[PDB]
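>>> here is the sequence, then the experimental structure:
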Amino acid sequence: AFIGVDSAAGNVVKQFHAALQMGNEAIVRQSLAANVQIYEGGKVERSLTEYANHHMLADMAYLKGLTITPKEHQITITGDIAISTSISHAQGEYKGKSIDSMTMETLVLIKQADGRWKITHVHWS
Amino acid sequence: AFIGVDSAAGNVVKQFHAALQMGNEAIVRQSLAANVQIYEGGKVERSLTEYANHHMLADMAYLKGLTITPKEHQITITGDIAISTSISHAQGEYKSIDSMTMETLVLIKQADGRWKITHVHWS
């Protein structure tokens, strides 16, 4: 299903996806909390600057040759916290190896002091 | 890197972990919301009954031969929501296993005050 995606949290999740897929650092910045935690493949990054300095460019490169097709996306808001869970079909190739698999993402978003929703935890698989 | 683990929500997380690792279905069932979502290996289950009918018993069988060592665990509470993020070392064998494992849990405080897991993401 596609549930809750029309919301402010939804808007942030959608721009984040596009921005990472397009290599737009201005929007990736706007979407992630300064102290974002990112979980993927047994490794954890503990802040936005850490992700940016260590993995963002690689992640952008990896996505450039893939078509990501959303299969489902649910967002549930409980006051100042929103949970986004989505599954997408990634098809293409990276560094000559074909990719054809279901990707999964759990995001936690918190409403910041000024009302802006920002992503504070990312779990990719 | 171990933060918030002794909270009320943390105790449900602890019981859930222990119950899977020990094969206690009653406890796993009391820990999960009826409409829990489970994400793992590209597949999704959408209710306790679905998970419990099959994937639960497979998970318990997989864990019977593994040693699960917590490496880090953070639980953050925001009113009636708690978020649990952990990383653990899984070492043993099934069907050599030596892997880091990751888990995101979302828990929601119910009308009776008990916390229940509403979303699981394992990798």
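Here it is on my side, so go on. Residues are numbered from 1 along each chain as shown, chains lettered A, B, ... in the order given.

>>> burial count for residue A:8?
15 (other CB atoms under 10 Å in any protein chain shown). (Each C-beta comes from the backbone N, C-alpha and C, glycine too.)

>>> next one: residue A:9
That count, for residue A:9 with other CB under 10 Å as the rule, works out to 24.

>>> gap between residue A:77 and residue A:120?
According to CB to CB, to the nearest Å, residue A:77 and residue A:120 sit 14 Å apart.

>>> next: residue A:55.
Taking CB to CB, one finds residue A:55 at 17 Å from residue A:120.

>>> higher neighbour count, those two?
residue A:120 (19 against 15).

>>> correct me, but that one touches residue A:110?
Yes: Residue A:120 sits in contact with residue A:110 when judged by CB atoms under 8 Å, with a separation of 5.1 Å.

>>> what segments of chain A are helices?
With DSSP state H as the criterion, chain A has helices at A:8-22, A:25-31, A:48-54, A:56-64.

>>> now tabulate those in JSON lines and tack on distance to chain B.
Shown next, in JSON lines, are those (distance: least, CB to the nearest CB, whole Å):
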{"stretch": "helix A:8-22", "distance to chain B": "13"}
{"stretch": "helix A:25-31", "distance to chain B": "18"}
{"stretch": "helix A:48-54", "distance to chain B": "15"}
{"stretch": "helix A:56-64", "distance to chain B": "16"}
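
>>> which of the ones you listed sits most buried?
Highest mean neighbour count among these (mean count of other CB atoms under 10 Å in any protein chain shown): helix A:8-22, with a mean of 18.

>>> list of residues touching that one?
Helix A:8-22 is contacted from outside by A:4-5, A:24-28, A:30-32, A:56, A:59-60, A:63-64, A:68, A:73, A:75, A:77, A:82, A:84, A:86, A:107, A:109, A:116-119, using CB atoms under 8 Å, 6 or more residues apart in numbering or on different chains.

>>> and that helix, how far from the chain's centre?
Using CA atoms, centre = their mean, to the nearest Å, the distance from the centre of helix A:8-22 to the centre of the chain it belongs to is 7 Å.

>>> chain neighbours aside, what residue packs nearest to residue A:89?
In space, residue A:89 comes closest to residue A:69 once its chain neighbours are excluded; the distance is 4.5 Å by CB to CB, 6 or more residues apart in numbering or on different chains.

>>> list the contacts of that neighbour.
A:88-89, A:91.

>>> mind checking which of those residues are in strands?
Per DSSP state E, strands hold the following members of the contacts of residue A:69: A:88-89, A:91.

>>> just name the closest of the residues you listed to chain B, please.
Using CB to the nearest CB, residue A:89 comes nearest to chain B of the ones in strands among the contacts of residue A:69, at 9.5 Å.

>>> hmm, the closest one is touching residue A:71, no?
Yes: counting by CB under 8 Å, residue A:89 does reach residue A:71; the two are 5.7 Å apart.

>>> what do those two both touch?
Listed contacts common to residue A:89 and residue A:71 are residue A:102; contacts here mean CB under 8 Å, 6+ apart.

>>> thinking again about what came up before, highest neighbour count among the contacts of residue A:69?
residue A:88 (19 neighbours).

>>> hang on, isn't residue A:54 packed against residue A:46?
No: taking contacts as CB under 8 Å, residue A:54 lies outside contact range of residue A:46: 10.3 Å.

>>> return the distance of the residue nearest to residue A:89 relative to residue A:101.
Using CB to CB, residue A:69 is found at 12 Å from residue A:101.
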